[PDB]
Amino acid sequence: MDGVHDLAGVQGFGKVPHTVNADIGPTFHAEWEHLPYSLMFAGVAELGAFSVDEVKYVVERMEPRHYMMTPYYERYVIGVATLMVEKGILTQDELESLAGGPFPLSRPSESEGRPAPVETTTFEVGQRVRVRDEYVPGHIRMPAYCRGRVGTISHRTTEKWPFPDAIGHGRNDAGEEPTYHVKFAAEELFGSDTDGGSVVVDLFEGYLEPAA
């Protein structure tokens, strides 16, 4: 999904709000801030109601302006609440009644997702691959800066995981795939307009194809 969450490479932001080794304060800066992650895990591990992938996607589904003005932990409150409503566990009425006011949720999905690709290739360390030039409206773990770009395999994972584009929509056909550490030259991604060396993206097999 080509949402505003796909921030890598966006220009116009200011300084990162940190200097090295500065005090970051406590793990939680408010008494509710452990709730989003805790309740995500309740949903995943205790209820079996959704996957972590579905949490990433529901946060991607926040209305874009809403996403941009919402602090991190609040986005996950909104996202887990949204999934609980969508899954029929909770109602928005009861959330708002308990909250004493408005509790807007992420927007409905505009895609049913897609299956794990049928045709993929097992790549080896050192091989050159291209990121498939595809557009996926639903969830995908491919930042757009690497779409269509070429890089080289640094690692093939020894484990495999469900395809995000399927499990992030709660589908039954996510299969399993390894992922690959794909190293791109900075110039391949940003031309002359970068000060970096290389960028390594951890890409599911089904996002990749052999380079020409």
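When you see a residue number, it is the position in the sequence shown, counting from 1.
*Per the entry, higher mean C-alpha B factor between 80 to 88 and 67 to 75*: Comparing 67 to 75 with 80 to 88, the higher mean C-alpha B-factor belongs to 80 to 88.
*Identify the stretch, either 178 to 186 or 41 to 49, whose C-alpha atoms have the larger mean B-factor according to the entry.*
Between 178 to 186 and 41 to 49, it is 41 to 49.
*For the listed residues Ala8, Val4, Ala211, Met1, which one has the largest C-alpha B-factor as given in the deposited model?*
Within the set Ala8, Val4, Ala211, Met1, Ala211 shows the top C-alpha B-factor.
*Could you tell me which third, lowest, middle or highest, the C-alpha B-factor of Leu105 occupies within its chain?*
Within its chain, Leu105 is a lowest-third residue by C-alpha B-factor, going by the deposited values.
*asked:* By the recorded C-alpha temperature factor, relative to the other modelled residues in its chain, which third is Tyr57 in?
replied: For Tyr57, the deposited C-alpha B-factor lands in the lowest third.
_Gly12 - which third its CA temperature factor falls in, relative to the rest of the chain_ = Bottom third by C-alpha B-factor.
*What third of the chain, by the recorded C-alpha B-factor, contains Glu31?*
It falls in the top third of the chain.
*asked:* Sorting by Cα B-factor within the chain, modelled residues only, which third would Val129 end up in: lowest, middle or highest?
replied: Its C-alpha B-factor belongs to the highest third of this chain's values.
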